[PDB]
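Participant: from the sequence below, what's the structure:
(chains A and B)
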Protein chains: 2
Amino acid sequence: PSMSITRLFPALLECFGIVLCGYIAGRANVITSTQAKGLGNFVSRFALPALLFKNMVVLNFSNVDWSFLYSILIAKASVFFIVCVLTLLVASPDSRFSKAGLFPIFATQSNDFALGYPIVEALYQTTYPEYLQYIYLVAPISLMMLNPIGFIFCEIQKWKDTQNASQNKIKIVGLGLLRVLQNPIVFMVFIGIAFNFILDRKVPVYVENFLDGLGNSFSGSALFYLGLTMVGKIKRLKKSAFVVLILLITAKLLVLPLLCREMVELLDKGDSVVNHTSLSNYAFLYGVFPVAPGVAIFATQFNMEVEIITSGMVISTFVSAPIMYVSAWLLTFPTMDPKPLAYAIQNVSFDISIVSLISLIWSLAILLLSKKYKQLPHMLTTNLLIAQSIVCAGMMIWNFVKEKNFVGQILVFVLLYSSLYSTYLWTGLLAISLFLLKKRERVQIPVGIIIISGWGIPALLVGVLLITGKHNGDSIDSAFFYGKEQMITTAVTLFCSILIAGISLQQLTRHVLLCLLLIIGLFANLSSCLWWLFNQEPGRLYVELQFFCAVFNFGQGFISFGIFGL
Amino acid sequence: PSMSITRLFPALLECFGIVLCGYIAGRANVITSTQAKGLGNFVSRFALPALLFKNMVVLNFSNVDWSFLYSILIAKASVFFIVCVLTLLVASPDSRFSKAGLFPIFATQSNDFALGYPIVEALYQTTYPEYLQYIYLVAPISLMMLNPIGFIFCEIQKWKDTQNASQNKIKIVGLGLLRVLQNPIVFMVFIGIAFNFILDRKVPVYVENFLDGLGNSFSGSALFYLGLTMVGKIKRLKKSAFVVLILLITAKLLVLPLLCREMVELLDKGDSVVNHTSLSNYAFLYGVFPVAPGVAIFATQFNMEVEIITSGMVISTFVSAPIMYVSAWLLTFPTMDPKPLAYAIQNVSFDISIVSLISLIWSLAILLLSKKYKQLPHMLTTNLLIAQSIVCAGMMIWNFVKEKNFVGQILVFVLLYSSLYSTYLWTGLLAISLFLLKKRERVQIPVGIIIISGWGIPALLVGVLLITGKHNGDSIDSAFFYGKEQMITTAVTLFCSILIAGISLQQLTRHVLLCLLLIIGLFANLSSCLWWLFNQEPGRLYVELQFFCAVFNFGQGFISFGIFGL
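Facilitator: Numbering: from 1, shown residues only, chains lettered A, B, ... in the order given. There you are, the coordinates:
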């Protein structure tokens, strides 16, 4: 029914494909500074003003609900206040004012124009089109209130950097207001409001085509410039810098969205509760949008703490996608029938599976071209990567052959769960291998025996499961293909491999990081299976259990991509 | 009826008495820079903002005619354009942009707050009170449009003074707008408009008393500061500087008022033609207001051509009063009955007479304390000054004894016209004396004979006029006391003395300047008398003839004050 989520995935595909294409053109020394600066100037001075003007000349103020506006600004202001007070209490007074100036604006300004708008239109084009007009009401008005405050703090820092007591507060506040009004968007917003008032909701035809042409190309050009502006801005930082950056990011993506949810539910008191639920969905999806590069520009012009802000922004752009994706799906689950939930879990499984295939074949190509798998413990890690690639390809085929052929279905199921169980076991096998290398014992490693075991016991369990199991082809989910016996086997497999990991626990640090991260998802799987078997009756909690288990099982290769990928 | 002009004179009295008191406290080294700067800061930052805020919170926009506003701004803009184009065509390009920046703003900004408001309230308190609310609509709004333009020209000059081609037009226009918005009045006007919108035409009682206290003392303090700020800013300039200054002043006081009249008559098309006439009167009296010191401050901060602007402003303040006075009276004459016109001419005669008495006794005290009247040609000039003082005192008594006593009336009339005719003759006597000194002849000057003649022939003519004349006490004017015979005698007196001046024509330059300026008024008098005798029927032109003749006859001592006063 409402909230068509199927179109969300393709939109993220083009949105991040443009970014990766820009970055690829960047690091190849193909695109130089000249045309990059030209495109940036075109975006900042021509495309964005035209787009905002065309969207603001037609607004229909007479039928716009301001509960959105009040809710979003109050949530942003509360977040800004919390961040600023925390900064002033924790930061050392040597440069505390600078931090209190640039840190909290990172928590309120978001890339709602180039990035958020494609998703919101892809999700609300035919069901709630009116939502598309609220975005242009958020970024400017918020920028009117919260950002100027931070500005004067920066000026205060600059003032105490100059040690010029002659300057008064009037000059500082004047400079701050001058800086914030010098930002183009505020005065195009003002002129657009003036033109809407003057023209009485009319668009001149002579310039309508020009405005459409300038505004339609804004998104792609802005994303391309963003991709170009992250070629070499990621550098190593200190432990305290990492900690404060993580705190900032968690504030960005976990604090504002939840607060927006709660106080949107608080403020609104309308009827037709479905509309209120959709409103909360819109607010929460809005809260999770990443950080705009405008704060990076502000830091650059202020020439203070530029590197940390740039690193935070570039990391936030990448981290936003999985979180907003899981958010959209998790919010969609409660209002669906169990068979639609099964369809949704297959869909997300395919999506994460294909992305993970891209990651895994990239990693396998890198490792094979490195020729570093001849010595321990790399060959078994490559074998585990191969098992991941095979199980993800099994996801792909199985979703393609769910109800296509019979014998194909059984063979695909057998190979699929063989590879999956091989990954489960190989986690514990790498645990044992790392533990025995830790012993520093000059004893030969039975590499052939361990690899044949790691590929044979999973196959043997799959075969005996097929022999003892009973076929049940009416279950869409692969877990319930035969019934109790399969997930009893999976539970005992999990229990065994996890005990192996626990008793067990040259880039050994990389391997031990992997041998730590994998077992959390392993506990997730054990908890899911033990919950299903102990609790025959269905609770109101297994939906996110199933979703997280599928996500881990079917995108765990992302972990190896992150760790064994650079 | 309407346009009560009687209260105009006293208002000018206090307005310029405050100025002279401030100047007198200034040159006595009694008031120093400290309290002067304190009072100036109080006026600029506290009194004026409070006054404008209290007058702007209550405005009643619903019933304000904007024909005034359109008319006044279009006239000011036309004047500004004419001045700027003339400046750019005539000024040499060495510093032409600076001139085109500061010269035309001198022609549009006026002292409408401290100076004009007392006159407009004194003339329009009970008849057209609403007029008082238009003043605060003129100065800011005009300052919004015309002055900023000039600013960028100054910046252009500064830019070409720096020879920095890196700066673009955007920076220059930004600096100009920053300077003009930095002026306090614009943002108190904006905040006052905002408060009027918010409070829905209400004034808080808790601050109403404070606002009244701050705004009531603004006028006196501003006039006092203005008087202090002219102690030593008048210096000698060159001939071209004098010529351009005279051109500027004539533009100030003759161009804007007439243009405002004509295009106010053009734009308005309302009924009840009396209202339109009053509107034109208001516009013309507004156009004649002097120059505010704000342009002097602008020149000082720009540090360009400060002396010429300051001299022009300080001269304009003094020159404004006689011109606005004669304007008010001349505009009032057409709509009155002949007996009210006679009353008005007696009133203006008394006013100019008492001011001229102040001037004449000051000059006589200076000359007598100088002891420079022992040598030619000073004693006869002192005698002429004495005759002026006596004839002005005769004005005073005669207006006091117009219908009080009979024998007093005849004796006052006799002495009065004796002194007046003595002045007429003594003009020609000084002409003869200067001509005979020009001869460079070592011949004794019959000083006793010439002085006894100069005091005796006028008395003899008065006596024979009394003997041959017929008393007619029903005429309010002194000219028509007896009838034809008196002004036949005056006409022959004028004709004789003026032929003496023509055939005739050590500070001889001062004397010849006097012996040039006096005879213009002499022609005015001859023209008036010959017009009355040749044209028995009354035309529609003798009103200004009579007014100018009375003004000359009864304030000619102002001429000797200006020339024989320093």
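Participant: show me what contacts residue A:425?
Facilitator: A:454, A:457-458, A:493, A:497 (CB atoms under 8 Å, 6 or more residues apart in numbering or on different chains). C-beta here means a position set from N, CA and C on the backbone, and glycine is covered the same way.
Participant: was I right about residue A:455 contacting residue A:419?
Facilitator: No: at 9.7 Å, residue A:455 does not count as touching residue A:419 under the criterion of CB atoms under 8 Å.
Participant: between those two, who's got more neighbours?
Facilitator: residue A:419 (23 against 17; other CB atoms under 10 Å in any protein chain shown).
Participant: what residues of the helix or strand harbouring that one count as buried?
Facilitator: If you go by DSSP states H and E, residue A:419 is part of helix A:406-438. Judged by neighbour count using 16 or more other CB atoms under 10 Å in any protein chain shown, the buried positions of helix A:406-438 are A:409, A:412-431, A:433-434.
Participant: repeat that for stretch A:130-143.
Facilitator: Those would be A:131, A:134-143, for stretch A:130-143 by 16+ other CB under 10 Å.
Participant: again with stretch A:294-314
Facilitator: Residues A:294-296, A:298-299, A:302, A:304-306, A:308-314 are the ones in stretch A:294-314 that count as buried (16+ other CB under 10 Å).
Participant: for stretch A:8-22, same thing?
Facilitator: Neighbour-count burial for stretch A:8-22 [16+ other CB under 10 Å]: A:8-9, A:12, A:15-16, A:18-19, A:22.
Participant: contacts for that stretch, please.
Facilitator: Taking CB under 8 Å, 6+ apart as the rule, stretch A:8-22 contacts A:115, A:118-119, A:122-123, A:220, A:223-228, A:317, A:321, A:325, A:328, A:347, A:351.
Participant: recalculate using a threshold of 6 Å.
Facilitator: Residues from elsewhere that reach stretch A:8-22 (CB atoms under 6 Å, 6 or more residues apart in numbering or on different chains): A:118-119, A:122-123, A:220, A:223-224, A:227-228, A:321, A:328, A:351.
Participant: please tell me how far the closest residue to residue A:453 other than its chain neighbours sits from residue A:387.
Facilitator: Counting by CB to CB, 6 or more residues apart in numbering or on different chains, residue A:429 is the residue found nearest to residue A:453 once chain neighbours are left out, at 7.9 Å. Shown here: residue A:429 relative to residue A:387, a distance of 11 Å by CB to CB, to the nearest Å.
Participant: name the nearest residue to residue A:347, sequence neighbours excluded.
Facilitator: Excluding its sequence neighbours, the residue lying closest to residue A:347 (CB to CB, 6+ apart) is residue A:6, at 7.4 Å.
Participant: where's that neighbour relative to residue A:122, distance?
Facilitator: 10 Å.
Participant: who has more neighbours, those two?
Facilitator: Ranked by neighbour count (other CB under 10 Å), residue A:6 and residue A:122 place residue A:122 first, with 19 against 11.
Participant: ok now stretch A:314-322, how far from the chain's centre?
Facilitator: Averaging C-alpha positions (CA atoms, centre = their mean, to the nearest Å) puts stretch A:314-322 5 Å from its chain's average.
Participant: name the residues of it that are buried.
Facilitator: A:314-317, A:320-321.
Participant: what of stretch A:88-97?
Facilitator: Within stretch A:88-97, the residues that qualify as buried are A:91, A:96-97, counting by 16+ other CB under 10 Å.
Participant: got it, and stretch A:117-128?
Facilitator: A:117-124, A:128.
Participant: again, but for stretch A:66-85
Facilitator: Quick answer for stretch A:66-85 (16+ other CB under 10 Å): A:68, A:71-76, A:79-80, A:83-84.
Participant: give me the distance from it to the chain's centre.
Facilitator: Distance of stretch A:66-85 from its chain centroid, counting by CA atoms, centre = their mean, is 23 Å.
Participant: can you tell me what sits against it?
Facilitator: A:100, A:104, A:107-108, A:134, A:138, A:142, A:146, A:256, A:259-260, A:263-264, A:267-268.
Participant: show me which of those are buried.
Facilitator: A:100, A:104, A:107-108, A:134, A:138, A:142, A:146, A:256, A:259-260, A:263-264, A:268.
Participant: farthest pair in the residues you listed?
Facilitator: Maximum pairwise distance among the buried ones among the contacts of stretch A:66-85 (CB to CB): 32.7 Å, between A:100 and A:268.
Participant: show me what the helix or strand hosting residue A:213 is packed up against.
Facilitator: With secondary structure defined by DSSP H and E, residue A:213 is part of helix A:205-216. Identification of packing neighbours for helix A:205-216 by 3 or more CB pairs under 6 Å, 6 or more residues apart in numbering or on different chains; DSSP states H and E yields helix A:48-57.
Participant: mind checking how far the helix it packs on is from the chain centre?
Facilitator: Worked out by CA atoms, centre = their mean, helix A:48-57 lies 29 Å from the chain centre.
Participant: tell me the angle it makes with helix A:205-216.
Facilitator: Here helix A:48-57 points in a direction 120 degrees away from that of helix A:205-216 (axes from the mean of the first three to the mean of the last three CA atoms, to 10 degrees).
Participant: check which helices and strands helix A:48-57 sits against.
Facilitator: Using 3+ CB pairs under 6 Å, 6+ apart: helix A:48-57 touches helix A:184-199, helix A:205-216.
Participant: alpha carbons of the longest one, in PDB - could you do that?
Facilitator: Taking C-alpha atoms only, helix A:184-199 is exported to PDB below (Å, rounded to 0.1, in the frame of the first residue of the first chain):
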ATOM      1  CA  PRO A 184      24.000  32.700  -1.000                       C
ATOM      2  CA  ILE A 185      21.000  30.600   0.100                       C
ATOM      3  CA  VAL A 186      19.600  33.000   2.600                       C
ATOM      4  CA  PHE A 187      19.200  35.800   0.100                       C
ATOM      5  CA  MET A 188      17.900  33.600  -2.700                       C
ATOM      6  CA  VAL A 189      15.300  32.400  -0.200                       C
ATOM      7  CA  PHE A 190      14.400  36.000   0.700                       C
ATOM      8  CA  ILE A 191      14.200  37.000  -3.000                       C
ATOM      9  CA  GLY A 192      12.100  33.900  -3.700                       C
ATOM     10  CA  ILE A 193       9.700  34.800  -1.000                       C
ATOM     11  CA  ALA A 194       9.500  38.300  -2.300                       C
ATOM     12  CA  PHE A 195       8.900  37.100  -5.900                       C
ATOM     13  CA  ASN A 196       6.200  34.700  -4.700                       C
ATOM     14  CA  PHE A 197       4.500  37.600  -2.900                       C
ATOM     15  CA  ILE A 198       4.800  39.900  -5.900                       C
ATOM     16  CA  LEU A 199       3.800  37.500  -8.700                       C
END
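Participant: who's in contact with it?
Facilitator: By CB under 6 Å, 6+ apart, helix A:184-199 touches A:49, A:52-53, A:56-57, A:140.
Participant: would a markdown table of those with distance to residue B:511 be doable?
Facilitator: Shown next, in a markdown table, are the contacts of helix A:184-199 (distance: CB to CB, whole Å):
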| residue | distance to residue B:511 |
| --- | --- |
| A:49 | 74 |
| A:52 | 77 |
| A:53 | 75 |
| A:56 | 77 |
| A:57 | 77 |
| A:140 | 76 |
